[PDB]
Amino acid sequence: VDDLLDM
Amino acid sequence: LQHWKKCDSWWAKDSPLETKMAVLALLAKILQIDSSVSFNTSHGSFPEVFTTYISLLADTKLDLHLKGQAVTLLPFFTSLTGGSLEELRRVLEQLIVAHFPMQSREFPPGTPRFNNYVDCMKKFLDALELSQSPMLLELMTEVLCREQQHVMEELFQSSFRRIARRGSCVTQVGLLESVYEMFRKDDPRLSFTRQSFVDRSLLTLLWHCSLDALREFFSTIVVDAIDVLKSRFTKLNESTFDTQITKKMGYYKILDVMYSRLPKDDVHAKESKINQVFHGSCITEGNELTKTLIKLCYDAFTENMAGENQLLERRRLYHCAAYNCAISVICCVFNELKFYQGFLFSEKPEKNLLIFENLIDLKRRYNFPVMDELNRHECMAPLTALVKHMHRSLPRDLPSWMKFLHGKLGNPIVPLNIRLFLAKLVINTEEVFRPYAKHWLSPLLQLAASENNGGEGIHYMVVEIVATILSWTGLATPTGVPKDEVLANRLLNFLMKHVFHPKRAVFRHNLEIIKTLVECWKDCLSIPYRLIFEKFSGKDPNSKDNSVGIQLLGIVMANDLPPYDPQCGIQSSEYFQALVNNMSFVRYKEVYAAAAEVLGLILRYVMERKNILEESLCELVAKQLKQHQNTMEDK
């Protein structure tokens with residue numbers, strides 16, 4: 001789920 | 001100033017009061033014209049003058065007004081006063097505790113004590129304005145932060161807006177540090193008061209600081225604020241954790257506003273000024289960790305509620321804040337609409353907006369004195385900005401998740417309040433969704449279509465809903481699909497049920513609602529003609545009650561002239577016979593006159609459409625007119 005915040 | 005030593009004859013305890021006021025005015029005047037060139041920093045035996053005013057404010061045999069003038073001092077004696085402020089501390093403190101009761105609202109306006117109180121407040125504020133003294137600032141704050149909305153706080157807010165918009169950048173930075181300190185110091189005080197600090201003073205103050213002055217404060221606080229944000233929610237076995245939650249609150253409510261009013265290149269760019277979440281010594285190329293705050297924001301953002309918590313409301317409002325923050329950061333940092341969703345409307349089966357609002361507020365609608373009526377409820381304006389911005393940022397998936405929460409949770413799995421909230425979003429966001437209508441009318445209609453929408457009667461809520469619908473109709477024209485029909489029939493039935501109202505023209509406005517409701521999208525709209533007949537069958541001489549049915553039939557007539565007894569659970573003969581029998585009542589004008597008008601329009605319909613009932617209705621009309629004829633000419 002951290003991908004959405006990361007990218 | 002130079003010969004002033006002789007003034008000890010004035011200030012005198014034996015001096016009469018008027019001279020006491022006068023000499024102070026002399027001082028005020030002289031301090032105006034001096035520009036503090038002398039007798040403020042190094043030149044002159046200050047201790048005598050300062051101790052004089054220390055005693056003077058310290059007095060007890062003086063009226064409150066001598067103090068009131070006496071607090072014109074602070075615009076001076078507060079510049080470059082290296083030390084010695086603490087005498088001011090004790091004297092100001094003893095004064096304010098002497099004459100400013102904490103709970104103000106037991107003294108009515110016009111009370112002489114109330115006048116003295118407000119006068120002292122105003123004088124202190126003028127002192128704050130001319131002084132910009134951080135110690136004066138803080139003193140004012142704890143004056144304010146004891147309960148909410150208790151000293152006509154519009155004037156305090158206006159003052160505080162005024163203080164920030166002037167002065168040297170370092171001066172504001174110091175003021176900010178000061179107003180920050182009393183939020184964070186570990187001293188156990190009322191958590192309500194703690195919230196009120198950043199709320200009623202600090203949040204505003206930061207909102208109105210000068211440009212470029214914000215980064216100072218953000219830099220000053222950021223690391224400690226974030227550190228507190230890391231953790232520590234664990235400990236709950238003490239109610240005092242309320243203090244902890246409030247500490248998080250204010251931190252949120254300040255970080256978020258800091259993301260506002262700051263340019264994007266200063267919160268994220270190839271050069272990362274705010275690179276201090278890490279040590280920042282090596283991470284100077286590019287900003288990616290200031291985001292990490294949103295990574296923190298997630299956890300409170302979606303907090304599975306307790307079962308039998310004790311801080312329910314506080315938790316709720318806290319989450320609300322964190323959400324507001326999230327909105328800010330999304331609208332500031334990220335650019336792609338897919339990342340406007342970045343985490344803002346992504347939702348787990350353990351979901352977000354199910355948290356943010358209460359479920360036990362009866363939350364009634366109004367038609368009351370003096371938009372903001374209960375849009376005052378929290379989070380609204382941030383959502384509004386969010387939707388407006390993304391609309392100017394060209395999303396259907398984002399509305400798609402909301403309408404999932406709306407109609408896919410059209411089931412009562414979500415309590416009604418939540419629905420109303422979503423709607424109210426739609427309501428004030430009408431213009432933003434003017435295109436994306438067709439696939440929305442049926443849910444929104446379904447809302448009002450509920451037998452439960454708020455309380456009873458034509459709520460301002462349903463007025464809003466129907467306004468949205470109608471306003472949408474001229475382009476979307478959502479009429480006539482299987483759910484549309486059953487909903488709309490429910491709607492017309494409900495509306496025509498309650499069109500009557502006690503109030504002079506509220507009735508008229510409801511009637512206009514009905515009028516536009518039918519006429520704008522008249523298709524497949526069965527007119528509940530049985531309802532009508534009961535609405536005008538009032539065999540009661542001196543009553544109002546037949547009028548409402550009169551006018552209502554009047555609407556169903558004037559719109560398009562539709563048929564008037566399609567197997568409506570009543571038979572034609574007595575139907576119209578009662579209708580005409582109306583004009584018997586001559587006792588009120590709106591009864592009989594309007595009756596005649598509606599009947600006449602009915603004749604016109606039946607004539608140009610050449611039905612067969614015209615003969616019978618004409619005979620009946622004629623009969624009752626005649627029964628008037630020889631009897632009462634005037635009518």
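For the residues of B:340-346, the average number of beta carbons from a partner chain within 10 Å of their own beta carbon is 2. By the Kirkwood approach, averaging reciprocal distances over each pair of separate Cα atoms, chain B gets a hydrodynamic radius of 30.6 Å. Inter-label distance, B:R105 to B:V170: 4.4 nm, where each label sits 7 Å from its Cα along the C-beta direction.
Each of B:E93, B:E18, B:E87, B:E308 has some number of other Cβ atoms within 10 Å of its Cβ, and from fewest to most they run B:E308, B:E18, B:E93, B:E87. Every Cα-Cα pair in the range B:182-243 was counted, and those over 17 Å apart are 55% of them.
With semi-axes defined as the square roots of five times the eigenvalues of the C-alpha gyration tensor, the equivalent ellipsoid of the range B:432-472 measures 20, 11, 6 Å, largest first.
With the charge dipole of the protein assembly as shown set up from +1 on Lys and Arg Cβ and -1 on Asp and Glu Cβ about the Cα centre, the Cα lying farthest toward the positive end among the listed residues B:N452, B:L144, B:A596 is that of B:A596. Multiplying each eigenvalue of the alpha-carbon gyration tensor of the range B:316-398 by 5 and taking the square root yields semi-axes of 26, 17, 11 Å, largest first, rounded to whole angstroms.
Only Cα pairs under 8 Å and 6+ residues apart enter the sum, and on that basis the relative contact order of the range B:436-544 stands at 29 percent. Would you kindly give the portion of the calculated P(r) for the range B:417-541 that falls above 20 Å, as a percent of all Cα pairs? Value for the range B:417-541: 44 percent of Cα pairs lie more than 20 Å apart. Rounded to the nearest 20 debye, the dipole magnitude of the protein assembly as shown is 640 debye, with +1 charges on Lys and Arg beta carbons, -1 on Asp and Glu beta carbons, and the Cα centre as origin. Counted residue by residue at 0.36 nm each, then reduced by the alpha carbon distance between them, the extension gain from B:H3 to B:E93 reaches 29.2 nm.
Applying Stokes-Einstein at 10 °C and 1.306 mPa s to the Kirkwood radius of the range B:1-109, computed over alpha-carbon pairs, gives a translational diffusion coefficient of 105 µm² s⁻¹. Note on chain B: with charges restricted to the Cβ of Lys and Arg (+1) and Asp and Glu (-1), its dipole about the Cα centre is near 380 debye. Model label points for B:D119 and A:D3, set 7 angstrom from Cα along the Cα-to-Cβ axis, are 7.1 nm apart.
The sum of -39500 (n - 2.57) across all DSSP H runs of n ≥ 4, divided by the residue count of the protein assembly as shown, sets its helix-only mean residue ellipticity at 222 nm to -17500 deg cm²/dmol. Ranking B:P75, B:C520, B:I163 by how far each Cα lies toward the positive end of the dipole of the protein assembly as shown (charges on Cβ) leaves B:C520 at the top. Working from the Cα coordinates of the range B:165-286, the gyration tensor eigenvalues give, after taking √(5λ), semi-axes of 26, 20, 11 Å in decreasing order.
For the range B:372-389, putting each phi into the Karplus relation 6.51 cos²θ - 1.76 cosθ + 1.60 with θ = phi - 60° gives couplings of 8, 5, 10, 4, 4, 3, 6, 6, 4, 3, x, 4, 4, 4, 4, 5, 4, 5 Hz, in residue order, rounded to whole numbers and with x for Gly and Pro. Under the combined filter of DSSP loop state and at most 12 neighbouring Cβ atoms within 10 Å, the range B:160-261 retains these GluC sites (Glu not before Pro): B:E238. Ratio of Rg to Rh for the range B:529-629: 0.93 [Cα atoms; Kirkwood radius as inverse mean 1/r over pairs].
Share of pairwise Cα-Cα distances greater than 46 Å in the protein assembly as shown is 43 percent (whole percent). When the Cα gyration tensor is reduced to axis lengths a ≥ b ≥ c, the ratio a/c is 1.5 or higher for the range B:487-550, and with a/b not above b/c it is classed as oblate. With the convex hull drawn over the C-alpha atoms of the range B:23-78, the volume per residue is 78 Å³.
Of the cross-linked pairs B:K185/B:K351; B:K253/B:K291; B:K235/B:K363; B:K295/B:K351; B:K235/B:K388; B:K247/B:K351, those separated by over 28 Å at the C-alpha level are B:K185/B:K351; B:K235/B:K363; B:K235/B:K388.
Here the Karplus curve 6.51 cos²θ - 1.76 cosθ + 1.60, taken at θ = phi - 60°, turns the phi angles of the range B:507-515 into couplings of 4, 4, 5, 4, 5, 5, 4, 4, 4 Hz, with x standing for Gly and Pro. In straight-distance terms, cross-link reach from B:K535 covers every one of the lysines whose alpha-carbon lies under 26 Å from its own, apart from those fewer than eight places away in the same chain; here that gives B:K497, B:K503, B:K515, B:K522, B:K544, B:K589, B:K623, B:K626, B:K635. Couplings 3J(HN,Hα) for the range B:517-523, derived from phi with the Karplus relation 6.51 cos²θ - 1.76 cosθ + 1.60 (θ = phi - 60°), are 5, 5, 6, 5, 9, 5, 7 Hz, where x marks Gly and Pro. Magnitude of the charge dipole for the range B:167-288, about its Cα centre and with charges confined to Cβ atoms of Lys, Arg (+1) and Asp, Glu (-1), is about 360 debye.
Here the Cβ is made from the backbone with ideal geometry for all residues, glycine too, and neighbour counts use every protein chain on show. Computed from the coordinates by the stated procedures, all read-outs in this text should not be read as laboratory data.
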